[PDB]
Amino acid sequence: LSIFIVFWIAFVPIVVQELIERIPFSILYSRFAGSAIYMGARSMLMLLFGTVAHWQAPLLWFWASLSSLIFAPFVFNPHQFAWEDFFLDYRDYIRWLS
Amino acid sequence: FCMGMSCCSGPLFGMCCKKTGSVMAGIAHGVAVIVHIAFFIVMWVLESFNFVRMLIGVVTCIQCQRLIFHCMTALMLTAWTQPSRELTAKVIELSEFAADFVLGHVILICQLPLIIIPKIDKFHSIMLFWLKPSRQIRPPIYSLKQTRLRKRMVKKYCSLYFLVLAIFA
Amino acid sequence: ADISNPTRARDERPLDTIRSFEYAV
Amino acid sequence: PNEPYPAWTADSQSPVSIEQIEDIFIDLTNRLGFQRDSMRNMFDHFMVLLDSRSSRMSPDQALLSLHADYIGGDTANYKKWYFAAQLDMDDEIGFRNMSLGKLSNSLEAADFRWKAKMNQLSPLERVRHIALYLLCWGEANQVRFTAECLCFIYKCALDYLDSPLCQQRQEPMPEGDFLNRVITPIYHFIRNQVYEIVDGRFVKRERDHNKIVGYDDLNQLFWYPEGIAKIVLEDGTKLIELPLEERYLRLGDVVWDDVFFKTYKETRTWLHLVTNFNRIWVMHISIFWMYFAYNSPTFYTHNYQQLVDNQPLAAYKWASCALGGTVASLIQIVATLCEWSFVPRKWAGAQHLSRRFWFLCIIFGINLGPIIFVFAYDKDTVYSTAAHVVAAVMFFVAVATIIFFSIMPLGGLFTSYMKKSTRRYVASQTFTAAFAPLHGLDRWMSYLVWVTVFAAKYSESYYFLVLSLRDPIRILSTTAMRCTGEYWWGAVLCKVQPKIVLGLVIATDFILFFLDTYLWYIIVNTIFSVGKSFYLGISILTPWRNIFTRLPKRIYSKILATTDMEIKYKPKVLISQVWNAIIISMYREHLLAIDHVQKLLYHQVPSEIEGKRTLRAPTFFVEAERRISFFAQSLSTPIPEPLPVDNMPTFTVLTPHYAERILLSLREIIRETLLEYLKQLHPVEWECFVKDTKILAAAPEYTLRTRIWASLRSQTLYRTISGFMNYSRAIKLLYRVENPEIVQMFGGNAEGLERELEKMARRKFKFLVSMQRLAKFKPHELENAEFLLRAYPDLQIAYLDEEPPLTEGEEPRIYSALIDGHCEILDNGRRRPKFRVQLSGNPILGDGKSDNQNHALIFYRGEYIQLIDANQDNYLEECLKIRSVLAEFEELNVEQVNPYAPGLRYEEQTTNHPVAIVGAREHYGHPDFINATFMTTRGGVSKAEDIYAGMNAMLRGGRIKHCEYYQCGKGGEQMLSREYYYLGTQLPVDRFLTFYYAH
RNA sequence: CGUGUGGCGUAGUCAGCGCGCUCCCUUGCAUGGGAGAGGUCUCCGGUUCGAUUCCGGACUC
Ligand SMILES: OC[C@H]1O[C@@H](O[C@@H]2[C@@H](O)[C@H](O[C@@H]3[C@@H](O)[C@H](O)O[C@H](CO)[C@H]3O)O[C@H](CO)[C@H]2O)[C@H](O)[C@@H](O)[C@@H]1O
Ligand SMILES: CCCCCCCCCC(=O)O[C@H](COC(=O)CCCCCCC)COP(=O)(O)OCCN
Ligand SMILES: CCCCCCCCCCCCCCCCCCCC(=O)O
Ligand SMILES: CCCCCCCCCCCCCCCC(=O)O
Ligand SMILES: CCCCCCCCCCCCCCCC(=O)O
Ligand SMILES: CCCCCCCCCCCCCCCC(=O)O
Ligand SMILES: CCCCCCCCCCCCCCCC(=O)O
Ligand SMILES: CCCCCCCCCCCCCCCC(=O)O
Ligand SMILES: CCCCCCCCCCCCCCCC(=O)O
Ligand SMILES: CCCCCCCCCCCCCCCC(=O)O
Ligand SMILES: CCCCCCCCCC
Ligand SMILES: CCCCCCCCC
Ligand SMILES: CCCCCCCCC
Ligand SMILES: CCCCCCCCC
Ligand SMILES: CCCCCCCCC
Ligand SMILES: CCCCCCC
Ligand SMILES: CCCCCCC
Ligand SMILES: [Mg+2]
């Protein structure tokens, strides 16, 4: 309860800023690399262990916050549905890796 | 082993593989996954149905590795003397690359049910109406020769993607 | 001929220069 | 009229003539060997200053005020250096700053003598004194970044001039002597630590910054007599051994590698965190310990059990709670220990730290001794009321020490007790702790905000620590998980799981304790901000048509300076002349259609047989819409009244340039398309422009006008120039509307009236662009630059140029040059400069724009500077309020008094803290507008770059303000700096809390 | 009947100078230089040692 009230208070400014105005995979991934990705993956492993061993209802809220944290940059990318764009981005990411 | 393979012949490396670093990177990924599965199985030796006693083991492994790397970096901050530093950097870079690879493919695979359905296109384009500019220009005309190679790449890379998915499942 | 600016005489006083700038307009 | 400085020359009350100031300048130049083409530059600068101040006051008051501002007053920098580094009076100034609250061979005696000497000078002597400083400031090159070095040089030269040595010399000093003998060696030292000579080139050498001496480390040597005493000649003798009048002649033998050293060093970052912000951990951690110990009996309870509900003695609760004092003392000791490793040991002010340690230990002791007496078993077994009174006493001693160490700043704890002759402070109080105090209602508002925040936070944290933690602590700490454990270690890993869990629980609550004060800060500010609206009377519920209907009267009262004008016209005939101007300005920018304009103008179409029907109010009062709406809205807030444009001061607009594109090339227009992109992006503008083409019209003219149209929509310099040249036409319009006798008397000679209007508007406004690559543009870039000089004849450009060495195989010579649009064309194709000034070498040593502005800064004029950048824009209706914006520095409508009057004292003076910066909005602030006299006498306008200028101005003693009716069209390493070290450890508590919770 | 020759324009002796690309470096925009890389001549078959080339069929304009 307490952590979510604090997060909402800190998140009001972003909602205020963005609710008035209404990309290749490699650079997008590198932009968030080392910031709120590796920590998130490490955190969802531990959250999964806690969930499986003993089920507490409020952990149901946590599965929300972390999930969106990883899925925000990709849900907002334009034309992410198209087959051709997705597979071209796959090619570009693979080539950037090697 | 890489350094013992004719290090005195520079052109030999170009003859065999100018970028053998990618080859050893793939090898390192494979060995990391295999050693993972080895620990999974050793933990399931007593655990024919127990899924709780390996997750925390994975977490422990990852934390210990990060601690070791951090200690090595801190020690290095303060003949073959310089090659020692070079190898210390190289191993860390390789481990980071493998972790990034696994994480990225994990992220990519999870999107499959979104793109399987074909109706998501227009419903996503509703956001274009939600967008302030809401202006789209038609794509430039492409020659059929450009279309052929595009289809070939789409088929090939899709096959490779599904092969990776099959391996992971 | 002036040392820093070769295009000006040596003996030219500052008020001569301001008058010249005025006539340049 | 037809004279350069009409406010001084055309007056008969001028105490000193122009032909008596020119020969003063010439005499100084002959005697000390300056350059001629800089003497001319500074004569022009000085005369424009006198003109600007004498157009709203008397000439004698103008000269006296300038002298007070540059050399002799309490708003002078030279006086502050003289009192700190010559009369050795830093500690008394610190005491006076401390005790100003009650105030409102000795400091009073020295001030009395200084005023007595400055009150009896002839005007000729004042002109000479100001002239020498300006002449020195004009050559100083990179020594302009270091002000106290300049003060030392000026003092030495003045001591030489009045001597019998100079006044009997026959021949003059050879030209260029000041720059060769005095200034170049210091520049050589500065450069010889970022670069090294390898195979005949200068290549930057890499080494740690803890061995690099910067501008500040030079500057700080001249703050103490102890630094001045270290300057040594080649003979090994000291400088200060010579008699006063001989030190300037030798100032070329001083070796600067044996003198300058480092004064402040960096370390790991968490040490900086612990030292800079100690007042916050003292107040969080100690109270957390108090709360946690009172509600947690289990750890100090004998045979604890909730079933028997036995409590320990109250003595044990109070003696346990009374460790907050020892915790606070320990934090302070650690902070001092971390601080001792920032500063060199023998440098002045480092003995103080040692004494500060001793006292702290004493407090630690008095706050730990008595508690042991309670916890000694001698009084454990025997209940006494003595133990109870001891615990009760030490509780309030602990409360007292927590409050004391939370309020008082670290630097300045025990200064009043030493009473020693040596340095009582770690850093100089004159140049580092001279904050401008608060007055009035905001001073009480600041106290009230913080009291409210902390009261709410503490009373709320107790009631969420009492219940979320009382039962888990009691259960997890007393359960027994009886097992065998692992015999390799034992059972010690199966009786300890509940307690490890308990430690983790407590640690997460401890971390969460810190996140609540931020929330309460946010909430209380938002409530106070809402509540103050009613007092401010902000009306947003009023209809948009209820602002537009009141617009004309606001225009009449706040844009025009109508009060001075003799009332001879109806207010409609004045407001018409402004409204129509705004509308037509918008129309010509291809921004309104032909049929839209007629809906808005005042009209004269009705009959002229009756003069009353000649003028009719628009139908409006009964991108463009956004601009007009903001104009009308901003007019509703209070605005200061203006002066007539014949009394307004002079100001400059300064711009840097490097690599940006002046105009678009034809290749980038016909290739990839940009034109189609822009047309698809701004379609209506494109159709308006093509309509305009058919209105008037290889086709070179079509090519050029298309190029212009395309450049006025992208990232171009011409867009910015054309935007900011609206000040000129604003001033012309205001001047001609305000007084119609001139327009009447000229009587049809439109040309003569045009010359008159331009001549007045030319002396009030200057534009300056600094290009550092005009010497090596390729031909098409040169073509663009020449075109700009052709479109606007009054624009000015400064650049760098180079000459081959005098002798073979040596360094080439470097000059800084100025041109504008009235210089003639040489047969080489170039223009002759007005001024060329020789430098001591390449001026660009570090990357950035600061060095770019420093070399063109000697060519500015006026009293105020506006700093813009390469991509910025402006509008006429905004440029029409410059007078009201400039009146915000609090100098235009004040009475004048004699600074050196015998009766005045320091506490009665009302001019102690001037305004340094004014920033615009849609103590941080990006500086739009700058007070030039204040800024340019204490370092540059920028430094190696914007927030640091604001913090330096604050530390030196200026004030920063914000203007709410103007808009500017703009579109990690910090925590290791000196500025944080000075701000964190010396501000009073409420200002510190306001500073911390923002940045 | 004509027709998909490297990403486009293509030209042709019974696979090319350009043009992009791709790499390097200089120059504040480029430009210029050095190095190399991208091709089944619409597609499917027949004949000829060998087919853009001789022919049959198929698609698009
Ligand atoms: O990249 C932007 C910004 O990221 C900051 O990283 C973290 C955030 O990842 C984190 O996000 C949420 C948490 O605050 C909350 O506790 O959990 C939710 C999951 O439901 C997270 O999404 O918030 C913290 C603040 O506590 C951020 O620090 C970087 O710190 C910051 O530097 C960066 O600019
Ligand atoms: C199946 C195991 C395969 C991986 C095994 C090796 C990991 C080794 C851990 C490491 O390499 O650490 C981090 C990476 O951490 C991680 O994401 C680990 C979790 C990834 C899997 C999550 C699955 C959902 C690298 O980034 P750093 O934090 O070191 O910062 C350096 C900044 N330049
Ligand atoms: C990250 C910030 C950390 C701040 C410090 C928080 C750590 C809190 C530690 C509290 C220790 C509680 C230990 C409880 C058991 C104490 C001994 C029990 C004795 C007994 O009854 O047997
Ligand atoms: C991908 C996230 C993992 C699955 C998402 C959360 C799963 C939690 C809900 C499944 C278990 C809940 C049903 C059992 C609860 C109960 O026994 O009352
Ligand atoms: C939150 C407080 C927890 C600690 C409990 C009270 C702290 C004192 C506990 C014993 C300290 C030393 C007492 C015996 C040692 C002595 O008397 O010399
Ligand atoms: C600061 C050093 C001493 C610390 C202890 C302070 C108090 C010491 C005890 C003083 C006597 C208190 C008991 C008096 C009665 C008695 O025992 O005779
Ligand atoms: C720093 C603390 C000073 C010592 C404490 C204050 C002085 C009180 C000394 C002990 C008082 C105990 C009562 C004495 C009377 C008695 O025992 O008969
Ligand atoms: C543990 C004590 C908490 C103290 C927190 C201080 C919050 C109040 C700050 C402003 C009120 C004090 C003003 C003092 C003014 C002064 O002494 O000069
Ligand atoms: C500037 C600080 C203001 C003074 C501190 C206000 C709160 C101090 C008292 C804390 C609560 C102690 C009383 C316990 C009863 C309760 O609050 O429920
Ligand atoms: C800083 C992270 C939390 C620190 C861990 C809190 C203390 C964990 C161990 C406490 C129990 C073991 C020490 C006391 C011995 C005992 O329990 O018998
Ligand atoms: C038990 C009554 C409420 C205690 C908490 C008071 C909250 C004060 C915040 C303003
Ligand atoms: C029942 C009220 C609980 C409120 C929790 C707020 C905690 C503030 C950090
Ligand atoms: C309810 C008694 C708690 C004791 C803590 C006092 C805190 C003083 C600031
Ligand atoms: C926890 C004690 C910190 C003391 C730092 C001293 C630094 C000296 C090198
Ligand atoms: C046994 C009751 C003693 C109470 C002492 C309180 C002291 C307050 C100053
Ligand atoms: C500050 C905690 C140390 C107290 C020691 C008492 C024996
Ligand atoms: C005897 C138990 C020692 C525990 C050590 C754990 C690292
Ligand atoms: Mg601005």
# chains A, B, ... in the order shown; residues from 1 in each chain; ligands from 1
>>> residues_around(residues="stretch 27-31 of chain B", least_positions_apart="3", cutoff="10 Å", atoms="only C-alpha atoms (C1' of nucleotides)", output="compact mmCIF listing (two decimals) with C-alpha atoms, in the first residue's frame")
# COMPACT_ATOMS: atom_id res chain seq x y z
CA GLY B 21 35.02 -13.41 -31.63
CA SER B 22 31.42 -13.95 -32.71
CA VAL B 23 32.12 -17.69 -32.98
CA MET B 24 33.47 -17.87 -29.43
CA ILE B 34 24.16 -26.17 -21.06
CA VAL B 35 25.74 -25.68 -17.62
CA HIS B 36 22.46 -24.12 -16.48
CA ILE B 37 20.53 -27.20 -17.59
CA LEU B 94 31.72 -11.72 -23.33
CA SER B 95 29.59 -12.59 -20.29
CA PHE B 97 27.06 -10.05 -24.33
CA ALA B 98 25.66 -13.51 -23.57
CA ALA B 99 23.33 -12.15 -20.90
CA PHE B 101 21.46 -11.98 -25.99
CA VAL B 102 19.36 -14.26 -23.78
>>> residues_near_ligand(ligand="ligand 4", cutoff="9 Å", atoms="only C-alpha atoms (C1' of nucleotides) and all ligand atoms", output="CSV table (one decimal) with N, CA, C and O atoms, in the first residue's frame")
chain,number,residue,atom,x,y,z
A,48,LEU,N,8.9,-14.3,-8.9
A,48,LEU,CA,8.4,-15.6,-9.3
A,48,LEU,C,8.6,-16.7,-8.3
A,48,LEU,O,7.7,-17.5,-8.0
A,51,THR,N,6.2,-16.0,-5.5
A,51,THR,CA,4.8,-16.4,-5.9
A,51,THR,C,4.6,-17.9,-5.9
A,51,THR,O,3.5,-18.3,-5.4
A,52,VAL,N,5.5,-18.7,-6.4
A,52,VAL,CA,5.3,-20.1,-6.5
A,52,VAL,C,5.3,-20.7,-5.1
A,52,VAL,O,4.5,-21.6,-4.7
A,55,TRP,N,1.6,-18.2,-1.9
A,55,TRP,CA,0.8,-17.3,-2.6
A,55,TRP,C,0.2,-16.2,-1.7
A,55,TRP,O,-0.6,-16.6,-0.8
A,56,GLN,N,0.6,-15.0,-1.8
A,56,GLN,CA,0.0,-13.9,-1.1
A,56,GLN,C,-0.7,-13.0,-2.1
A,56,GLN,O,-0.2,-12.7,-3.2
A,57,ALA,N,-2.0,-12.6,-1.8
A,57,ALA,CA,-2.8,-11.8,-2.7
A,57,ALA,C,-2.2,-10.5,-3.2
A,57,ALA,O,-2.2,-10.3,-4.4
A,59,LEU,N,0.8,-9.6,-3.8
A,59,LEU,CA,1.8,-9.7,-4.8
A,59,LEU,C,1.2,-9.6,-6.2
A,59,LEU,O,1.9,-9.3,-7.2
A,60,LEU,N,-0.1,-9.9,-6.3
A,60,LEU,CA,-0.8,-9.7,-7.6
A,60,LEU,C,-0.7,-8.3,-8.1
A,60,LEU,O,-0.7,-8.1,-9.4
A,63,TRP,N,3.0,-7.9,-10.0
A,63,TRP,CA,3.1,-8.4,-11.3
A,63,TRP,C,2.7,-7.4,-12.3
A,63,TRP,O,3.2,-7.5,-13.5
A,64,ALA,N,1.9,-6.4,-11.9
A,64,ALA,CA,1.6,-5.3,-12.8
A,64,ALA,C,2.8,-4.5,-13.1
A,64,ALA,O,3.3,-4.4,-14.2
A,67,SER,N,5.9,-5.6,-15.0
A,67,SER,CA,5.6,-6.0,-16.4
A,67,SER,C,5.6,-4.7,-17.3
A,67,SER,O,6.3,-4.7,-18.3
>>> residues_near_ligand(ligand="ligand 13", cutoff="8 Å", atoms="only C-alpha atoms (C1' of nucleotides) and all ligand atoms", output="VMD selection string")
chain D and resid 287 290 to 291 294 to 295 321 399
>>> write_last_selection(atoms="N, CA and C atoms", output="CSV table (one decimal), in the first residue's frame")
chain,number,residue,atom,x,y,z
D,287,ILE,N,16.3,10.7,15.2
D,287,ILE,CA,14.9,10.5,15.6
D,287,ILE,C,14.4,9.1,15.3
D,290,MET,N,15.5,7.1,18.3
D,290,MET,CA,14.6,7.4,19.4
D,290,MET,C,13.3,6.6,19.4
D,291,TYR,N,12.6,6.7,18.2
D,291,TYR,CA,11.3,6.1,18.1
D,291,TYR,C,11.4,4.6,18.2
D,294,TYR,N,12.2,3.4,21.9
D,294,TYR,CA,11.1,3.5,22.9
D,294,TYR,C,10.1,2.4,22.8
D,295,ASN,N,9.7,2.0,21.5
D,295,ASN,CA,8.6,1.0,21.3
D,295,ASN,C,9.1,-0.4,21.2
D,321,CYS,N,16.5,5.6,25.1
D,321,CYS,CA,16.2,6.6,24.2
D,321,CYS,C,17.2,7.7,24.2
D,399,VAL,N,17.9,15.7,23.6
D,399,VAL,CA,17.0,16.5,22.7
D,399,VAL,C,17.7,17.8,22.3
>>> residues_near_ligand(ligand="ligand 18", cutoff="7 Å", atoms="only C-alpha atoms (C1' of nucleotides) and all ligand atoms", output="ChimeraX atom specification")
/D:920,926-928,968-970
>>> write_last_selection(atoms="C-alpha atoms", output="mmCIF file, in the first residue's frame")
data_model
loop_
_atom_site.group_PDB
_atom_site.id
_atom_site.type_symbol
_atom_site.label_atom_id
_atom_site.label_comp_id
_atom_site.auth_asym_id
_atom_site.auth_seq_id
_atom_site.Cartn_x
_atom_site.Cartn_y
_atom_site.Cartn_z
ATOM 1 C CA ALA D 920 12.092 34.973 -17.977
ATOM 2 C CA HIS D 926 19.006 30.487 -16.979
ATOM 3 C CA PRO D 927 20.130 34.128 -17.320
ATOM 4 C CA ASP D 928 18.267 35.904 -20.120
ATOM 5 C CA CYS D 968 12.024 33.466 -24.362
ATOM 6 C CA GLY D 969 11.634 31.482 -27.557
ATOM 7 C CA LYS D 970 14.231 28.798 -26.870
#
>>> interface_residues(of="chain B", to="chain A", cutoff="7 Å", atoms="only C-alpha atoms", output="PyMOL selection string")
chain B and resi 22+52+55-56+115+120-121+130-132+154+157-158
>>> write_last_selection(atoms="N, CA, C and O atoms", output="CSV table (one decimal), in the first residue's frame")
chain,number,residue,atom,x,y,z
B,22,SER,N,32.8,-13.6,-32.7
B,22,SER,CA,31.4,-14.0,-32.7
B,22,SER,C,31.3,-15.5,-32.5
B,22,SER,O,30.3,-15.9,-31.9
B,52,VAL,N,10.6,-25.6,-6.8
B,52,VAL,CA,10.9,-24.5,-5.9
B,52,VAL,C,12.4,-24.4,-5.6
B,52,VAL,O,12.9,-23.4,-5.1
B,55,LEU,N,15.0,-22.2,-8.5
B,55,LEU,CA,14.9,-20.8,-8.8
B,55,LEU,C,15.8,-20.0,-8.0
B,55,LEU,O,16.6,-19.2,-8.5
B,56,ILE,N,15.8,-20.3,-6.7
B,56,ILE,CA,16.7,-19.5,-5.8
B,56,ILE,C,18.1,-19.9,-6.0
B,56,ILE,O,19.1,-19.1,-5.8
B,115,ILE,N,1.3,-10.5,-32.7
B,115,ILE,CA,1.5,-10.4,-34.2
B,115,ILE,C,0.8,-11.6,-34.9
B,115,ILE,O,0.7,-11.5,-36.1
B,120,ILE,N,-4.7,-6.6,-35.7
B,120,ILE,CA,-4.1,-5.7,-34.7
B,120,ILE,C,-3.6,-4.4,-35.4
B,120,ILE,O,-3.5,-3.4,-34.8
B,121,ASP,N,-3.5,-4.5,-36.8
B,121,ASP,CA,-2.9,-3.3,-37.5
B,121,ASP,C,-3.8,-2.1,-37.4
B,121,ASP,O,-3.4,-1.0,-37.0
B,130,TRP,N,-5.4,8.9,-32.3
B,130,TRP,CA,-5.2,9.5,-31.0
B,130,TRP,C,-4.0,10.5,-31.0
B,130,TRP,O,-3.9,11.3,-30.2
B,131,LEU,N,-3.1,10.3,-32.0
B,131,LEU,CA,-1.9,11.1,-32.0
B,131,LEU,C,-2.3,12.5,-32.5
B,131,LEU,O,-3.2,12.7,-33.3
B,132,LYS,N,-1.5,13.5,-32.1
B,132,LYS,CA,-1.8,14.9,-32.5
B,132,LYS,C,-1.6,15.2,-34.0
B,132,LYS,O,-2.6,15.7,-34.6
B,154,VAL,N,12.5,-12.0,-45.4
B,154,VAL,CA,11.4,-12.3,-44.4
B,154,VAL,C,11.3,-13.8,-44.2
B,154,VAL,O,11.1,-14.2,-43.0
B,157,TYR,N,14.7,-15.2,-42.2
B,157,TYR,CA,14.8,-14.7,-40.8
B,157,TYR,C,13.6,-15.2,-40.0
B,157,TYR,O,13.8,-15.5,-38.8
B,158,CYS,N,12.5,-15.4,-40.6
B,158,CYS,CA,11.3,-16.0,-39.8
B,158,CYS,C,11.7,-17.4,-39.5
B,158,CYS,O,11.4,-17.9,-38.4
>>> select_by_dssp(residues="chain C", states="helix (DSSP H, G or I)", output="PyMOL selection string")
chain C and resi 14-24
>>> atom_distance(atom1="atom CA of residue B:127", atom2="atom CA of residue A:77")
10.8 Å
>>> residues_near_ligand(ligand="ligand 14", cutoff="8 Å", atoms="only C-alpha atoms (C1' of nucleotides) and all ligand atoms", output="ChimeraX atom specification")
/D:271,334,337-338,340-341
>>> write_last_selection(atoms="N, CA and C atoms", output="CSV table (one decimal), in the first residue's frame")
chain,number,residue,atom,x,y,z
D,271,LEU,N,32.0,10.5,0.0
D,271,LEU,CA,32.6,11.4,1.0
D,271,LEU,C,32.0,12.8,0.9
D,334,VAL,N,32.4,12.3,12.1
D,334,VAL,CA,32.7,11.7,10.8
D,334,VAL,C,32.7,12.7,9.7
D,337,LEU,N,36.0,14.6,9.9
D,337,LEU,CA,37.1,13.7,9.4
D,337,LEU,C,37.1,13.7,7.9
D,338,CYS,N,35.9,13.6,7.3
D,338,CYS,CA,35.9,13.5,5.8
D,338,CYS,C,36.3,14.9,5.2
D,340,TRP,N,38.5,17.0,6.3
D,340,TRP,CA,40.0,17.3,6.4
D,340,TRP,C,40.8,16.9,5.2
D,341,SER,N,40.2,16.0,4.4
D,341,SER,CA,40.9,15.6,3.2
D,341,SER,C,40.4,16.2,1.9
>>> residues_near_ligand(ligand="ligand 1", cutoff="8 Å", atoms="only C-alpha atoms (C1' of nucleotides) and all ligand atoms", output="ChimeraX atom specification")
/A:3-4,7,32,35-37,40,62-69
>>> atom_distance(atom1="atom 10 (C, counted along the ligand's line) of ligand 7", atom2="atom CA of residue D:297")
25.7 Å
>>> residues_around(residues="stretch 17-26 of chain E", least_positions_apart="4", cutoff="10 Å", atoms="only C-alpha atoms (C1' of nucleotides)", output="ChimeraX atom specification")
/E:6-9,32-38
>>> residues_around(residues="stretch 14-24 of chain C", least_positions_apart="3", cutoff="8 Å", atoms="only C-alpha atoms (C1' of nucleotides)", output="list in words")
residues 22, 40, 43, 822 and 823 of chain D
>>> interface_residues(of="chain A", to="chain D", cutoff="10 Å", atoms="only C-alpha atoms", output="PyMOL selection string")
chain A and resi 2-3+5-6+9-10
>>> residues_near_ligand(ligand="ligand 17", cutoff="7 Å", atoms="only C-alpha atoms (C1' of nucleotides) and all ligand atoms", output="JSON, numbers by chain")
{"D": [489, 490, 492]}
>>> interface_residues(of="chain B", to="chain E", cutoff="10 Å", atoms="only C-alpha atoms (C1' of nucleotides)", output="ChimeraX atom specification")
/B:142-146
>>> residues_near_ligand(ligand="ligand 7", cutoff="12 Å", atoms="only C-alpha atoms (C1' of nucleotides) and all ligand atoms", output="ChimeraX atom specification")
/D:363,365-374,379,383-398
>>> residues_near_ligand(ligand="ligand 9", cutoff="7 Å", atoms="only C-alpha atoms (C1' of nucleotides) and all ligand atoms", output="JSON, numbers by chain")
{"D": [451, 454, 455, 458, 459, 462, 463]}
>>> residues_near_ligand(ligand="ligand 16", cutoff="7 Å", atoms="only C-alpha atoms (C1' of nucleotides) and all ligand atoms", output="number ranges by chain")
D: 323, 326-327, 372
>>> write_last_selection(atoms="C-alpha atoms", output="PDB file, in the first residue's frame")
ATOM      1  CA  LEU D 323      21.496   7.541  22.683  1.00  0.00           C
ATOM      2  CA  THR D 326      25.719  10.133  20.922  1.00  0.00           C
ATOM      3  CA  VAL D 327      24.498   9.232  17.428  1.00  0.00           C
ATOM      4  CA  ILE D 372      27.173   4.528  31.509  1.00  0.00           C
TER       5      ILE D 372
END
>>> residues_near_ligand(ligand="ligand 3", cutoff="8 Å", atoms="only C-alpha atoms (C1' of nucleotides) and all ligand atoms", output="list in words")
residues 298, 299, 477, 478, 499, 500, 502, 503, 504, 506, 507, 508, 510 and 511 of chain D
